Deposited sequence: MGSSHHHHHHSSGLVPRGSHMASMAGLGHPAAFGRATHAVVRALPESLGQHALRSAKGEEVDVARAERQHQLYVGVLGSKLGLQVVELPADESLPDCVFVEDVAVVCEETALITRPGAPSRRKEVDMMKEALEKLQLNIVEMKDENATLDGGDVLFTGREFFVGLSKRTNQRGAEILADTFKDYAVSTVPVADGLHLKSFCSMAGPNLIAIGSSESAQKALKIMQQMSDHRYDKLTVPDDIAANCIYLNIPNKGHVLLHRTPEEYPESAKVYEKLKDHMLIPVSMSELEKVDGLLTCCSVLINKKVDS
């Protein structure tokens, strides 16, 4: 069942993030980001009842909170990535430990010519879309392709120093949340040509706000964490039409300053 999860790996942000985290804007309020990430953890863990493994902040790694970038997980198989940003590679160490406690099958992307961000991987439930970006390359998607054999993998040129999931993400089975920008619409279509099947599409006015979290919770159903009507009111209005979804607005303004979206701050795990 798509978007069904039992666990989630997250990680506390270090104080060094406000000043030291890679980006591309306002000064970051660390107190505010702190809070926001707390709320974010509670929605998944307290409100939604997933077992959360919280990793401790490594001050040394100001980007460490964005855990999605370091691992892709599908069924019982963990891909531990080789992040495009050289400096962020020391964040895999601590994630591999955790994914080992979860008794998950590990594969490490060690190939020295292979970069891959999890931020660049869209998993539709039916297949894989990997974005070819400034951080994820051919040699990485091929290894991602090689790790998840039961699934078809195809690559979508993502430009402009972004990621694939900066303008899209799954908002339900067969439903792909999508930005209006011509960048996104382009990849969107590029994506469909390549599928053995047609996806439904949820379009939203703000590229960033098409990054959301869909979940299939036991005795809850469709669940979507999405950006607030404050941050992105015209996109919130679009999510508001999803009347089969338990809609939980989740703010993420601070982290966005450093290119942090909703999906980046967790790795989701379905366990028997």
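- In sequence order, the gaps in C-alpha coverage of the deposited chain fall at 1 to 31, 56 to 57, 306 to 308.
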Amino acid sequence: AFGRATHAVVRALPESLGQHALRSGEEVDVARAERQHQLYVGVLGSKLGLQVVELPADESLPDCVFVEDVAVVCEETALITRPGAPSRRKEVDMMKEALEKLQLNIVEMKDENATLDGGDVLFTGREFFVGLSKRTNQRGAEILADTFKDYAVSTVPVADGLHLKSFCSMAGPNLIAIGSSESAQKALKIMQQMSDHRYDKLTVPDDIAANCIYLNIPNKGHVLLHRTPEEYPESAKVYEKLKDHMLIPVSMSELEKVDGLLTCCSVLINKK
From here on, numbers count along this sequence of modelled residues.
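- Comparing 34 to 42 with 54 to 62, the higher mean C-alpha B-factor in the PDB entry belongs to 54 to 62.
- The deposited model assigns a higher average Cα B-factor to 195 to 203 than to the other stretch when 195 to 203 and 115 to 123 are compared.
- Comparing the listed residues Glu230, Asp29, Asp244, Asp69, the entry records the largest Cα B-factor for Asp244.
- Annotation for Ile106, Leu102, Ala152, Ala177: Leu102 ranks highest, by Cα B-factor.
- In the PDB entry, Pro83 places in the lowest third of its chain by CA B-factor.
- Per the deposited record, the Cα B-factor of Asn211 falls in the lowest third when ranked against the other modelled residues of its chain.
- Among all modelled residues in its chain, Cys168 ranks in the lowest third by Cα B-factor.
- Ranked against the other modelled residues of its chain, the C-alpha B-factor of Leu13 as given in the entry falls in the middle third.
- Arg89: CA B factor lies in the lowest third for its chain, per the PDB record.
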